[PDB]
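Here's the structure we're looking at; comments come further down.
Values below: all heavy atoms of this structure, side chains included; hydrogens, waters and symmetry mates excluded. First the proteins, then the strands, lettered A, B, ... as listed; each starts at 1.
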Protein chains: 2
Amino acid sequence: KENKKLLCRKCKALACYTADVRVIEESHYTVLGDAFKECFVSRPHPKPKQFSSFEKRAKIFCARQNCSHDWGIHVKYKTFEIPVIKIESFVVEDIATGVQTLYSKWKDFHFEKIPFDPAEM
Amino acid sequence: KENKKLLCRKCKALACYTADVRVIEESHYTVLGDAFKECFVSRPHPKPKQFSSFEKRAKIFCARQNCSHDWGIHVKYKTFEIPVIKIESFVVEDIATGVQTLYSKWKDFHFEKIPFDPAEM
RNA sequence: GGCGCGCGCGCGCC
RNA sequence: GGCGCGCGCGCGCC
Ligand SMILES: [Zn+2]
Ligand SMILES: [Zn+2]
């Protein structure tokens with residue numbers, strides 16, 4: 001499907017394109033590349049936890065000046081440390097139309113969901 | 001689906017039975033008979049209104065003096081002056097067992113919902 | 001995160 | 001009464 005842009009629900013800054021998105025265990029979403037790294041800052045999770053395949057360690061936020069909108073978490077997965085985002089904190093913008101959409105749950109946003117991959121990393 | 005007793009949620013007093021209840025226009029619950037009239041007291045309605053075919057004429061409360069728990073309102077439905085109750089002010093007691101259930105909305109409470117019938121007065 | 005839920009206050013309509 | 005919604009707090013498992 002059409003590649004799309006995820007912008008902070010709050011400031012509207014560009015976070016990533018679904019192109020760089022990956023799915024884990026069909027329900028957890030993360031973003032590839034250092035580029036996405038410069039886009040958020042993480043911070044010690046007040047109530048870390050271990051569930052399924054992760055150790056929820058940090059809480060992440062939009063890395064821009066006066067927004068710091070909670071974008072989700074940062075976790076240890078296998079031997080990787082990675083961000084796991086929640087579609088609710090972003091706005092999906094269609095590239096060829098500008099149309100924007102607010103999703104609350106990932107199941108509702110139907111785009112090409114490529115499973116997370118070790119090889120790539 | 002059996003006959004249950006309705007009890008004032010706050011003081012536990014007997015208000016009425018489910019066999020006496022009747023549903024007006026699928027959303028409002030009144031009570032037939034004199035017994036139920038010996039159970040509540042009416043008082044001026046703080047801010048009368050007028051929704052659909054009803055007109056708020058008063059607030060009704062549990063009769064037991066030391067209780068006075070709000071049970072709902074009293075309205076004019078067509079040519080009738082009748083009490084309209086909200087299950088949330090009551091405790092539904094199963095007659096055989098004593099088992100009591102707290103509901104906040106009438107839709108969640110499943111029993112034989114006999115419709116208001118003018119013939120019955 | 002994902003899933004589900006509880007609570008507090010605010011608003012509108014019939 | 002009944003229904004729809006907004007904002008914010010918290011809980012559980014996995
Ligand atoms: Zn932002
Ligand atoms: Zn009472």
P-based separation of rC5(D) from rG4(C) [nearest Å]: 16 Å

N/O donor-acceptor pair under 3.5 Å between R9(B) side chain and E88(B) backbone: yes

All side chain to side chain donor-acceptor pair (under 3.5 Å) counterparts of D70(A), not counting sequence neighbours: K59(A), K86(A)

Check: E93(A)/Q100(A) side-chain N/O donor and acceptor closer than 3.5 Å: yes

Interface limits on RNA chain D, where chain A has a heavy atom under 4.0 Å of a nucleotide atom: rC11(D) to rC14(D)

Residues from residues 113-121 of chain B lying under 4.0 Å of RNA chain C - heavy atoms: none

Sole candidate of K5(A), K1(A), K4(A) that passes salt bridge (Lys or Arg N to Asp or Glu O under 4.0 Å) when paired with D94(A): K4(A)

Aromatic ring proximity, centroids under 6.0 angstrom, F116(A) and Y29(A): no

Intermediate values then yes/no, salt bridge (charged side-chain N to carboxylate O under 4.0 Å, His left out), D108(A) and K105(A): CA-CA 6 Å; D108(A) 294 315; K105(A) 304 185 184 187; over 6 Å; no

Parallel, tilted or perpendicular: rings of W71(B) and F90(B) (30°, 60°): tilted

Close residues, residues 62-85 of chain A, relative to RNA chain C [heavy-atom separation under 4.0 Å]: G72(A), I73(A), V84(A), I85(A)

Within residues 49-56 of chain B, residues whose heavy atoms come under 4.0 Å of RNA chain C: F51(B), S52(B)

Short side-chain donor-acceptor distance under 3.5 Å, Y77(B) and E25(B): yes

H28(B) and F54(B) aromatic centres sub-6.0 Å: yes

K113(A) NZ: over 12 foreign heavy atoms closer than 6.0 Å: yes

Strand RNA chain D in bracket notation, Watson-Crick/G-U under 3.5 Å with | for pairs to another chain: |||||.||||||||

Under 3.5 Å: donor-acceptor pair, side chain of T30(A), backbone of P83(A): yes

Contact summary for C39(A) and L14(A), nearest pair of heavy atoms: SG-O, 3.8 Å

